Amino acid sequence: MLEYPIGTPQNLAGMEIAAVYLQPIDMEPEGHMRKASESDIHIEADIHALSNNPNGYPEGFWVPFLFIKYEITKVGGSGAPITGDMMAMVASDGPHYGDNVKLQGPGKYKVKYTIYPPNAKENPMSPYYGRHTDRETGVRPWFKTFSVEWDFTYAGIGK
């Protein structure tokens, strides 16, 4: 099956941030993702460490415990922006942040991700992840919440 790129990856705070979409998926636990039959796509945020990542991740590692909010808007057209929170999950090609999304038909869409670090008050995983701070094994502070945007042309499941 086809995985569609959403623009080109952007590099910030020692991380590569990429956006992709595919057909809606099914996930355990059930009842968290919007039903696949009631969705158009499964949108994903692919976040991996660059070389010399300041938070201690080896190059290519998945960056875990982040919280991602998205806003998808049909470019210059009728309809409200489509918003939601991604969920961390694993697939046959590894761990991703993603969500099943219902769109507003074929056309151009803006896609914006707002990426929250593990220590952000909005991130629900903040009580469950730490960062070493001692001189010997410590790392630099977490990045501050930031956004990245792209656009893509949605045509459906016409493959």
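In this text, residue numbers run from 1 along the sequence as written.
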Taking only the CA atoms, which stretch has the higher mean B-factor in the record, 52 to 60 or 29 to 37? 29 to 37
Which has higher Cα B-factors on average according to the PDB entry: 62 to 70 or 101 to 109? 101 to 109
Should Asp151 be placed in the lowest, middle or highest third of its chain by the C-alpha B factor in the entry? middle
Where does the C-alpha B-factor of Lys121 rank in its chain, lowest, middle or highest third? highest
Rank-wise, by C-alpha B-factor, drop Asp134 into the lowest, middle or highest third of its chain. highest
Would you mind checking where the Cα B-factor of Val75 ranks among the modelled residues of its chain, as the lowest, middle or highest third? middle
Select lowest, middle or highest to describe the third in which the CA B-factor of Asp93 falls within its chain in this entry. highest
